[PDB]
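Novice: Take a look at the following structure, please.
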Amino acid sequence: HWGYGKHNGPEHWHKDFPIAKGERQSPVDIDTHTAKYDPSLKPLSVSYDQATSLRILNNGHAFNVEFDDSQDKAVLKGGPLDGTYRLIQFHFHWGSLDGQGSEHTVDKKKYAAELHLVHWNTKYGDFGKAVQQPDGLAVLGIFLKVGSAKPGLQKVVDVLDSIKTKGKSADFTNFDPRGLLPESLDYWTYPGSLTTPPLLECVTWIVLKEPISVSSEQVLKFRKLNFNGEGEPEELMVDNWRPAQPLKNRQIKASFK
Ligand SMILES: Cc1ccc2c(n1)SCc1cnn(-c3ccc(S(N)(=O)=O)cc3)c1-2
Ligand SMILES: [Zn+2]
């Protein structure tokens, strides 16, 4: 099965998922000088006040914080989007070292980690249908750098010991994802894909310019998670990121000058 090791990592994925070599794969390098301001883009609308978190799950690749997406409770709208996209889950990608971990890069700079808030277009009725459409998902990407702690991240960090291994989950209600956002909602946007198998080309990427800062202790706790199941030899969950893919026939747009 696919993963992030030498024998099953990103360079192997194309054998089971040929779209890995497609026309709109993610992540990409964001060349800041080549991205163009699009004055027609609208401010993002991030409406998370009624968000209902449910559960946190170690799925063997990352951990997902899952939300109730059976009503319009936490939605993303505006920006490059038409219509309403519901938050289904968030998760992170991160490195074994502070100098790597992000999936998108900025002028080839790698951040320590990257948060993905995953939303699906309500016109398609459910997430499974949405991923089959070119405008099915909107993923809000936020970079993490190591410095001061992020207070809004700590509740996530503290539950990780309870989901150390693949397949473990824990109740995770009443978590407010607003605490993971930076001050500014300035962003870059481009059409892309899921960054793990099945690599479907269904995502409008919205990547925030401003990173959030997390502490060395916070990211160290991410790196104590395991890819393996309980009762299996330990494989630390680190370096669960796909590298930058070719931009091909795409233009990255900026919401800001
Ligand atoms: C282990 C694992 C994780 C995720 C998925 C799957 N398996 S298989 C079914 C499915 C459908 N979408 N999707 C998803 C994949 C990637 C991103 S990201 N990283 O935000 O582009 C968001 C959602 C997954
Ligand atoms: Zn992701």
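One is the number of the first residue shown, and numbering goes on along the chain from there.
So this one's X-ray crystallography, 1.5 Å, going by the header.
Placement of Cβ uses the backbone N, Cα and C atoms for every residue, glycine included.
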Novice: Report which of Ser40, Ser47, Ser162 appears in Swiss-Prot with the annotation phosphoserine.
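Specialist: Annotation hit in Swiss-Prot: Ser162.
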Novice: What does Swiss-Prot list, out of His116, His119, as binding the same Zn(2+) as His91, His93?
Specialist: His116
Novice: Quick check on the record annotations: which of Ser169, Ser213 is tagged phosphoserine by Swiss-Prot?
Specialist: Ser169
Novice: To the nearest Å, how far is the Cα of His91 (Zn(2+) binding site) from the Cα of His61 (active site, proton donor/acceptor)?
Specialist: 10
Novice: Return the member of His61, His93, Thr195, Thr196 nearest to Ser169 (phosphoserine) in space, with distance defined Cα to Cα and candidates limited to these recorded positions.
Specialist: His61
Novice: For the recorded positions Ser162, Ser169, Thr195, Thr196, which one has the sparsest Cβ surroundings, going by other Cβ atoms within 10 Å?
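Specialist: Relative to the other recorded positions in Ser162, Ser169, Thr195, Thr196, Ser162 has the fewest Cβ atoms within 10 Å.
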Novice: Taking the mean position of the Cβ atoms of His91, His93, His116 as the Zn(2+) site, which residues outside that list, in the same chain, have a Cβ no more than 8 Å away, listed in sequence order?
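Specialist: Neighbours within 8 Å of the Cβ centroid, excluding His91, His93, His116: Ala62, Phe90, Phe92, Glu103, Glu114, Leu115, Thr195.
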Novice: If you count other Cβ atoms within 10 Å of each one's Cβ, which of the binding-site residues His91, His93, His116 has the most?
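Specialist: Its Cβ has the most other Cβ atoms within 10 Å: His93.
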Novice: In Å, rounded, how far does the Cα of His116 (Zn(2+) binding site) sit from the Cα of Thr195 (substrate binding site)?
Specialist: 10
